[PDB]
Structure formats: C-alpha cells, structure tokens
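In: This one's a deposited entry, sequence included:
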Amino acid sequence: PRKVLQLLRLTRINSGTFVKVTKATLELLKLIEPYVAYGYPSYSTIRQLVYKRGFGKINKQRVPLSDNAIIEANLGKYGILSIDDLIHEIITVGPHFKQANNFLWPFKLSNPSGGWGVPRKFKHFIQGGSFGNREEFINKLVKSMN
Amino acid sequence: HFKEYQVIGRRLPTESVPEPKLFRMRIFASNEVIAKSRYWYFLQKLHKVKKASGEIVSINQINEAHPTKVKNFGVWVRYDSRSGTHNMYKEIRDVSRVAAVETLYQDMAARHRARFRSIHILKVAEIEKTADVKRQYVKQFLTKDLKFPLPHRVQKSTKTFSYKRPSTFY
Amino acid sequence: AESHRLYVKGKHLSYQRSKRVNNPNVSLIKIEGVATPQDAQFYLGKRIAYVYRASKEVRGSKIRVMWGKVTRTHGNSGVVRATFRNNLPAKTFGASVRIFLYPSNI
Amino acid sequence: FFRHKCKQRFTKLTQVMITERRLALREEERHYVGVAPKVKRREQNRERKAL
Amino acid sequence: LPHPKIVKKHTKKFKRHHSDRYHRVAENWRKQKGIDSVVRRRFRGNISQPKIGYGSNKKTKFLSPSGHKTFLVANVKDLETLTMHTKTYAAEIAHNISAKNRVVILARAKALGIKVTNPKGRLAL
Amino acid sequence: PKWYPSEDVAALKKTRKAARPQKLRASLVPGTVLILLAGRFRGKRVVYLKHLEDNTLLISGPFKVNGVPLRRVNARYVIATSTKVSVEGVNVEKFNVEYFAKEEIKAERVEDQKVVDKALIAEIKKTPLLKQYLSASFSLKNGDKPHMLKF
Amino acid sequence: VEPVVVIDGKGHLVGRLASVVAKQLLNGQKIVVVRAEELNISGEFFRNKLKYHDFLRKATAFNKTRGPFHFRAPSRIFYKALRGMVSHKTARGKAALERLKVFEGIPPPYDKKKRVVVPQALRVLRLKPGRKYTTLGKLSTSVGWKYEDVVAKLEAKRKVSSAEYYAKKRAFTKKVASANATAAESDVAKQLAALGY
Amino acid sequence: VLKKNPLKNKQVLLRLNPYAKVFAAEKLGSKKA
RNA sequence: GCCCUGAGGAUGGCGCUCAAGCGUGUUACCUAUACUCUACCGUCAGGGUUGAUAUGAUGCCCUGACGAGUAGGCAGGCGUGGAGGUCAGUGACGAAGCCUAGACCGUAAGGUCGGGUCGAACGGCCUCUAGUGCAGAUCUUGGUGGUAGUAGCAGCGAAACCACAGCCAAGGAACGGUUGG
RNA sequence: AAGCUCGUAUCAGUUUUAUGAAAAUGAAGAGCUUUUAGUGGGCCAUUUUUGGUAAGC
RNA sequence: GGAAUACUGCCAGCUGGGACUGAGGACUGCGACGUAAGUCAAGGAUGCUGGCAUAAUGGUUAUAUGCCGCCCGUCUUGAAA
C-alpha cells in the first residue's frame, strides 16, 4: 500500500490528489482502501480546492497559483490558459487530464474544522468509520478539512 | 437517525437474458452508501448475485405516508448472534416505520446484544384493527380511556446549590 | 453608593493542561453567572484584572494589578480561556478575579 | 556610488563641526577624574587608621 | 530607526548536563556521547540541547538591546572608523584602556556623536 | 531639510492603507444616554452629543446634573442605552479636535459648558425622573448578569 | 455567590456530595457540611458494613498506628471519602481541605444561619424508587460510633425553639402580607406591577 | 510575497475569473428554473 | 440478554447503582513534536546580478522543499604553548591571573565589557607549528571531608567503607529503588 | 568520493493487459570504469512445519 | 385542490462578536472603481491618542507554587537488566 500511495503522491496525512477513474486505478484504490478515503467531488468542492490550495509545479518549484498568466505560461501548450480552464479540465476529464493533474501540486489539507464526526476513524465508512468509499460525503469532508 | 431506502438490481443484463428478475427490496440505513452496502450483502446472502456482476438500477428514499398517525407495527426480524441464526417477530407501537425500526434496533442491541451488523429487516407491516396484536405490552396501550401518572419526576438542576429542597411531585 | 462594582467576579481554575503536561501561557477562568459557551461568548475580549495586596509600597499604593484578556471559550461549563501579559503565579488557583465590561459592544 | 558617498561623508563631517556647540556651551564642573587603585588604598586604610 | 523587534528564541544558558550536581563538571556545554544517555536521546523533562533551530535572525543578529552593533575600540584612531556608522554601531572600550586614554576616547566619541556601550569606566566625576 | 542623509537608510515602500472614516455601531446615536466604564468618571451616566473626527465621542453630563463636563470618550469604553434625549436643540458643531487641545480652568470652556447645560436641561426635564436617573451612578449588584441584562 | 456555603447533608449521597464539595473546594469556595450522621449510602446495610471491615482489616504489622487509621465518626468517614477525591500530599490540596468543615448535626452558630442542599446529590432524587439504602449514622454506630444517642438528643433540641422561631417568622409575614395587600392597588403599586414588580 | 486567498477579499477574486463580476451582478447563483 | 453458584490488595485511588456498571445511536468539549497558516537558523536545487554594485561577485538578493538517528564519511567553526608578519597596539593614570545573588554577543564551543584583590606583561587579525582542550581509566602527584571526637590507649586519637540510602502496600527479565497508607 | 557518457524512455516492494510480448500512475536524481569506512547480533510475531499427547516440545 | 415547512447541496449572497501574526522596504506586474482627471481592501500597516528622567521598563539569588524529570560512564544479551 505504501508504494501505491507514493505513486498517488499521498506522501503525508491529510493530503490528497485527483485520480482518474479506470479499471486499473480502481484496483489501486481498492488496494489502499484501508488507508485512504475517496468519493465523487462536486464542482463547488473542486473550485474551492483549486482556489484556496491550488499550487502548481513549475520547474520543480511549488509556485502558488495567483494569476492566469502563471497557468498560461506552463499549461498554455494544451489550451489551458486560466484557472477556470484548469477547473473545467479537472471536473470534466479530457485528453489532457493527466497533464493538468501532474502540474497541480498535491493538496495539503488540514484536519476537519468540525472533526471527523466518528469515534473511531480506522473503520469502513459503511460502519461509522472514516476510510472507504464515501460517494457524496467526501465533498463535506473536504470542505470541513479545507 | 435511520432512513428508509429502496434498491433494485438486475445483475448487469447480458445476451439472451434481457431485463432479469430485477430483485427489489426495502433497506433501512442512515445514508445511501450504507443502504447500497446492505443491499449488496443481502443479495450475496439470500441470492446468488454479487457486486462483481451486479448493478444498482436506482436508489430512492421512501417517506412514511402519515408521519403524524399512530400505528402498530409488526416486524419480522432474522438476526445472528453467538448462537445459530433464528427468526424473530416483534410488535412496536410507533408513528412511522423509520422510528419503529430504530426502536427495534435499539432493543436488539440492548436485550439480545445484536447490532446493525447482524440484523435483517424481513418485513414491516401495520396492524389495522385491535385484537390482532399478539403482544401483551402492546395491548397495554390499547385500553380505552388510558390514564396514568408520572410519579417521581427527575427534575434537572441548573445550579449546584438550591435553597429549596425540591420535591419530585408531578 | 452601596456598591461600586463595574466588573463580573470570577475564579481562576488552572492552566490549560493535559493529563501530565501544562501550558502556563493559557489560564482557565470561571465567570459567575455563565453556564454555557453561548453565554461566555459575550465575555470574549473583555479585560481581566487580578487584584492582590503587596507587602511593599512601590507607587504609593499597596495594590498590584495584573491585566489580561479573554481569548476563547473552554469546555461546556462556561469556562473561558484567558491570556495575561504575565502568567498567574499558579498559587491563585481558585482566587477571585475581575472581568470588566470594556471593550464593550452592547 | 562615489558621488553619493562623498556627499554623505561631507555632510557627516560638516554636522560633526557642531562639536563647537558642546565646547561653546559646556560650563562643566565635573571634568572627569580618574583615581588609581593605589591612591584608593591610601585613601581607605589611612582613613581607617585615622578613625 | 525602528528596527525589527529583537527575538532571541532563548534566554537561558545551555548549561552542561549534571553541571550543578557535580562540581568538577564545568557549565560549558558538551554533547553527551553516551549511547544509553537519556540526554543524548532528548527525553522529556531533561535540559534542551542546543541546535540549529535556535538560530537568531540575520537582521537582528549581533544587535544589542539599544539596537547598535558592538565594536571594540582601542584608541581614537579606531573610534574614528565609526564616523559613518554611528547609528548602526556602538563603540566599546577595551577593559585594558587606562583612564587617561579613556577620557580622551570618550570626549572624541561625544564630539562625533558615537554612543559608548560602557561609559564611566574607571572615571569618576 | 537641506541636510542630505548622513547615513544610508532604506526608504519605506509605498503603503496602501486609506484612512477610512470610523464605522460606528448602530446603537451609538446622538442624544443617547451613555454609561462610562473606565476612567475618572467610571460608572457615571452621561449623554451622547457628537462624534468627533478623532474617532472619539463628545459627551456631556450635563455638567450641572452630575458634574461631568464636555469630555472625549472612546466608543469601545461606553455602553449605549436604548433611552434617548432630544439633541437637535443643542449646538455641538463648535466643538472639534482642536477645541480640546492643551497647548485654572479655561473661561471659554466653562461658558460653553454652561451653554450646553442650559440647552440640554429642558430636554432632560422633558421626561420625568430623567434628571434623577442621570444624576444616579451605575453599579452592579448580586445576581446581575451583563450577558442577560438589556441596555 | 456566597462567602461560605452551609450544606445540609441529611438525605444526601456520600459520593456525589463529597465529589461536588471537593470540586468547589478546588475552586476556592468555603463549604461547611452539617448533619453528617444523616448521610445516606446506596445499597443494603450489610454490604456497607462488610465494605467497612475490608478496609480496616489491612492493619500494618510493624506499625499499626503509623499505618491505616480507622475513624468511626460519620464526619470523619465523610472527610476520608472526600479526602481521596482531592490531590492530597500537596500544598494545593492541603490548602483546599482547610476550607471544609464537617460536623455532626448543626452546631452553632451554623444553627442560626441558612443552609442549602445539592440537588444532584439528593438520595431521593438519584436512587431508583424502592431500592435499598444505608444510613451513615447507623453504619457508624455499628462500626463503633458511640455518640449517636447524644447527637439525636441534642438535635431534637435543635428543632425545639426553631419551630417557635419559624412560628414567629410566620406571624410576622402575616402582618407583612397584610400591609402589602392594603398597600396594593395604589398608583405606585400599579406602576410596579406594570414594570414587572 | 503573500498569497491572497480567493473566495474573500473580492479585489483579488476579481483578478481571476473575470466572469465573477457578471455572476455577482446577474445573481446567477440563485438562478430560477 | 443481565445476576448468583458453578473455586501486603487494588477498574489506580477516591469511589458509583433510572451508574459514575453493560450494549447501541447522535451531538457538546481536551490535547501530541500529528495536520493547516505565518516569524526565524541552516542544507539542497534553480535563478538574477558588470560599459559595475547607493557592502569583500568568496559580495547582495528571489523562488520550493527539507531538517529523527548509533558507528563511519563530508563540511564549517571555538580554545591554548611557540614562531613569521601586522595594529608607529594595550599597560604603574595598572598587562596577566583570580573572584563576581552583573550585563552584552553567538544555537554552542567561547568572546566583550561593569565592580573587588592583584601586580609587569599581554592582546586585535593572515598564516606555520603541537608534548593543543578531560567526567571516570579499582589512573598518577598533591590537598580536604563523612565515618568521628567513634574504635582504641581526664587527655591523645584511627581504620574498612563512602554515586545516591534506610517506615511500608500492588505491578513495573525473581529487575527493584505510578496509585496510597 | 572523483571521471565519462547525460535525462531520459533509466525505471517501479504498484495495477491492468498480453503470451500461457501493450498500457495507467510517479519520478526525468538514470547508465559504465577505480576504490572507501563500517557490516556475517538477534528478539517479538503469522504461515509451513517435525510429528504428535493432558500439555508443552 | 393548493401552497408552506423539514432534509440535502449551492450562492464569484449580506452582515456582527473573539484570538495571533504587521513578515517585505522609493515605482516597475496582475487587477477593480471612474467618460476623464484620478482613486482603490490590487505582489506583507498605516494615522491618531495616553505613560517617561528622583522614569517607563528590564536583568540575578532563594523561597512562594500548576506539571514533568529513575544516577553518571564502559561492557554483556535482540533488550531492559
């Protein structure tokens, strides 16, 4: 599981990244299911993440995203010339989803403001836990963390 | 707080078998994910369908028809414990099906030590007329002109010291 | 005439501490008449003054005062955290403290 | 660099000429005096003997 | 000059472990090489060993509370070097300077407006 | 000054902080009766007249009622009460920041205080017990909960 | 709220009462406990009596006196129960205990002063109805206490002449209420009623 | 030198997503079916 | 399902019974070096810099991450004996050393100054040099204590031993040296 | 540690796919001579066992 | 027959109470208001007020006390011992 987490750039707690849904990636998520929680983010959550904790990787440097010019200089090759374009590409998986995901630095999230909401985190979400696959509650979890 | 959900699956229709039996059942759960997981578990146990070849056609929430009408609920429950699995039947006088199933779960976790993991709700039905109830503790509340007091009320104190010597009269 | 008090008397319980570690920089203060965090929310930002008598006279008076402020609520019993310019001696556990109404918003 | 620093040096030297102000308005009655430890000893043990 | 507030990150001398308990052990810090030593393992409740974390800020480094860097002065010629850095450096007279030279040095420092870190040294008014 | 800087000092970067006027709380309205919390006149009920340009409130006892003269009091150190007294008949435009400058009481200050007291005494007497209420000081008693009391 | 609080220990649980008194003591509040002999403990009498024996059976061999001390007075038992709830052997704990006084009955001048009760520690408010309970006075008498007779005898006198004081207070309040009634319906009374008084 | 977090301080928010002004003026967030 | 039988001590104690015991579900709150934002030290990596810099391009700065650790490796520094050079250095108006319930500077090795004794050499800096830095080695030379004014032969007067020591209860490989009395 | 060729297609404590050889994620810090300190103690514990009877072992 | 409310999610919706931080150092850039001149919360705080030379304040010793901390070095065994 550690190798899969490293491949997904989940090198520290309260850190997450966008992963394309595929038959191969589903197996990877199942492998690291105990140690991670994932779901189906909505447009609002993706926009909030890209707006607040949106950091881009430029020549091995985690340059914060604060201007459309920054995205255009690096991501303008594929037609992504604004933060809105990046958000649209992330939410709507397209031909250049991989490049956009790689460019974005792994998100650094804090602990939930209202708490995880369960007495024991290390349990399946279907039984009052935290990890697993929470379809829509992932948005609420991220918003509290973000 | 529990909730009632309806889940239907038809095992990913393939060639020569369009629109399979379309198994239908009602699942009580606190969220859609738990309802889907319980539906999958029930399909695996009772039926031969597993999530490998399964498919969730649609999940919907059912609201009680009369949330302000008192009803007597008869519930058939099959649950597993340290011993072998066995059937069980109980009668609950509640207002809504969700409240009745929640009370049943609480009683099972209290008396029989059975929790949501090993409890199955086979069927929930409403008892229409009197004298069909088979439990004395439910018949207790069906008596005409039922009046009783509430002796020894546990009054709450907002301060450590009270210069009154409170009385528990009601 | 009979009373000139313009502050709400309270009690200093103890510093913010764990089971075996304490943080003197933060002090817990109990306010009379406060039972829930919502009630204590009104006292946030109020100046806290501890008044005690000193053996020596320095500025023409025998009373020395240490000032502080209310930071945030603590627990569900109305306890509110407080931070002072200089931490309390730790001998004032249960000592009476004064909470003023300024800076006021009402 | 040279022009700016030369101007700064000239200004500092000119404002250092204010020393005349201290010399013009000193009227001091202290005139820093230094006492050697040997003189201190002769002003202490002899004082004790005289007492 | 409103210089940045001086932060030291530490005010207690990093006394050597067991220095107080044993007289023969000097207070000068010396890292414990003991494999089983608790201090070497920085156990809770023990003294805090020096480390890079306590590094003082570059801008506030070598800054006295008055905000002027200390500079040793041995004679009037040495003091003259601080003519263009009076606001940033403070003259400090060596302990070996006699009163006869000290008075002259102080007079020149006052004339040039250079603050003296340790005045009234061996001089009585 | 003509003197060039004798030493190299870095100039301050262009600051961008406009001096926006104070956004006073709604409860503070001219003519409202105020209660002092801290200072020489702590606990003395006073009246609100005008808002000064230095983010301070011009408050009069009135002087003839409780002895409090025209003074500058910070808004944060004042409790605003629902009671109000007419102030349209009292002239306050004359007072300003320079009025309270201090360069044995100034005669002009006394005359202004007398004029203000004369103007405001009629309004104070317009309601019963208002003069007595203003004269009486404010203090707390056992069982008083400021977070529950209404002002 | 009060410089000194007098708590009536009659019909109260030893555990909850001791815990609340200790917590108040740690907060700098002076408390005086009265009528200790009337304190009650949950459970049947035999269980409480058996419990007492097993804590005094541990007498130290080499030095019994310097070892455990067995006190029979109900006030001593209550103090021992409260002592363990406070961080003793420390200056903070020792100072707090100085604020607590325990007496059998209501010795003066506390007999002439108001007393309070703790609602959360009342036996008739916490224990389930019909359940067995033990009385501290009877347990103390069984385990060696010899002052129950005198305690009851001089507590009966406490009620004596205090019933008379209450009768005099009732007579005075009769006239007070009459004066209030005859003073009602007046302009001042009407204004007070309108203003919530 | 300092990161200006959007979703607040509308000034920086208007720097990115120039459609924010249209969204706010048109009240598109509460659009009705 | 719960309860009883059914074979010097501690749920830690105080203690508790619609529990402050048991099972379940929901909210309310405490914190670790854990995580989010920011101030600072250093390492790495990248980058800017000159018809010269409003500070030694071995200079001055911008950007991102990182910082546990035994032996070992690399890098940068503190202190002393002496030597070449250097401050046309300090110093009987007091050099070195020592003391200091004095302060200052550096994360530290250490340096500076304030006050007392002291009296005649020593230091700021670039290099060279080594009999160059002590907490122990049942270490060596020297000095001083507990035992002890004790054993011992009114007076004279040790030695063995000495990290820390004799009120106790549970458990931390019989390890025994945190909850109470 | 120094050198050369360099940033890639050099790879993976990963997944699918294929055959019974083609993609996903991440890293472009990868490849070839020379030598240079230290390193061959084991405990806890699942599964096989080495097989079994009060048990261990 | 008809609306309302509960729940979920959104608001580039509005507006109060509290705590820490003030980092950079003459403009170069992204932006907003404004027909324009100009202004702005736009790559890090500004203005005003009160205390002060027999000062303000700060530094050292012990005791006053909230909590923690086994006696140091070498060596056995994978560890403690």
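Out: Good, I have the coordinates. Numbers count the residues shown, from 1 in each chain, chains lettered A, B, ... in the order given.
In: drop to CA atoms for contacts and neighbour counts, all remaining ones
Out: Fine.
In: Tell me the residue of chain D that sits nearest chain C?
Out: Closest to chain C within chain D is residue D:30: 32.8 Å, counting by Cα to the nearest Cα.
In: same question but for chain B, I mixed them up
Out: Taking Cα to the nearest Cα as the measure, the point where chain B comes nearest chain C is residue B:158, at 8.3 Å.
In: before we move on, what about chain H?
Out: Distances between chain H and chain C by Cα to the nearest Cα are smallest at residue H:8, namely 24.0 Å.
In: Then chain F?
Out: Distances between chain F and chain C by Cα to the nearest Cα are smallest at residue F:76, namely 4.9 Å.
In: And the helices in chain D?
Out: Along chain D, the stretches classed as helices by DSSP state H are D:2-16, D:19-24, D:37-42, D:45-50.
In: If you could redo that for chain C, that was the one I meant.
Out: Taking DSSP H to define them, one finds helices in chain C at C:37-40.
In: ok, the closest residue to RNA strand K within it - contacts?
Out: Among all residues of chain C, residue C:45 sits closest to RNA strand K, at 3.2 Å; criterion: Cα to the nearest atom of the strand. The contact partners of residue C:45, taken as Cα atoms under 8 Å, 6 or more residues apart in numbering or on different chains, are C:69-71, C:103.
In: rewinding a little: so the residue of chain H closest to chain C: helix, strand or coil?
Out: Assigned with DSSP: H, G, I helix; E, B strand; the rest coil, residue H:8 falls in the coil class.
In: try the one 3 residues further on
Out: Here residue H:11 is recorded as helix under three-state DSSP.
In: Between the contacts of residue C:45, identify the one with the most neighbours.
Out: Taking other Cα atoms under 10 Å in any protein chain shown as the neighbour criterion, residue C:70 ranks highest of the contacts of residue C:45 with 22 neighbours.
In: Please name the bridge partners of residue B:71.
Out: Under DSSP bridges, the beta-bridge partners of residue B:71 are residue B:94.
In: ok, it - contacts?
Out: Residue B:71 makes contact with B:93-96, B:126-127, according to Cα under 8 Å, 6+ apart.
In: at 7 Å instead, please
Out: Taking Cα atoms under 7 Å, 6 or more residues apart in numbering or on different chains as the contact definition, residue B:71 lies against B:93-95, B:126.
In: and if you look at residue C:52?
Out: Shown here is residue C:52, whose contacts under the criterion Cα under 7 Å, 6+ apart are C:63-65.
In: one more time with 6 Å, if that's ok
Out: Contacts were defined as Cα atoms under 6 Å, 6 or more residues apart in numbering or on different chains; by that measure residue C:52 touches C:63-64.
In: now residue G:142
Out: Under the criterion of Cα under 6 Å, 6+ apart, residue G:142 has no contact partners.
In: How about the secondary structure of residue F:48?
Out: When the rule is three-state DSSP, residue F:48 gets the label strand.
In: doesn't residue F:28 make contact with it?
Out: No - under the criterion of Cα atoms under 6 Å, residue F:48 is not in contact with residue F:28, lying 8.1 Å apart.
In: These two - which one has more neighbours?
Out: Between residue F:48 and residue F:28, counted using other Cα under 10 Å, residue F:48 has the larger neighbour count: 24 against 20.
In: Of the contacts of residue B:71, which is the nearest to chain F?
Out: The shortest distance between chain F and any of the contacts of residue B:71, using Cα to the nearest Cα, involves residue B:95 and amounts to 39.7 Å.
In: ok, for that closest one, nearest residue in space, not its chain neighbours?
Out: Across the structure, with Cα to Cα, 6 or more residues apart in numbering or on different chains as the measure, the residue nearest residue B:95 apart from its sequence neighbours is residue B:70 (4.3 Å).
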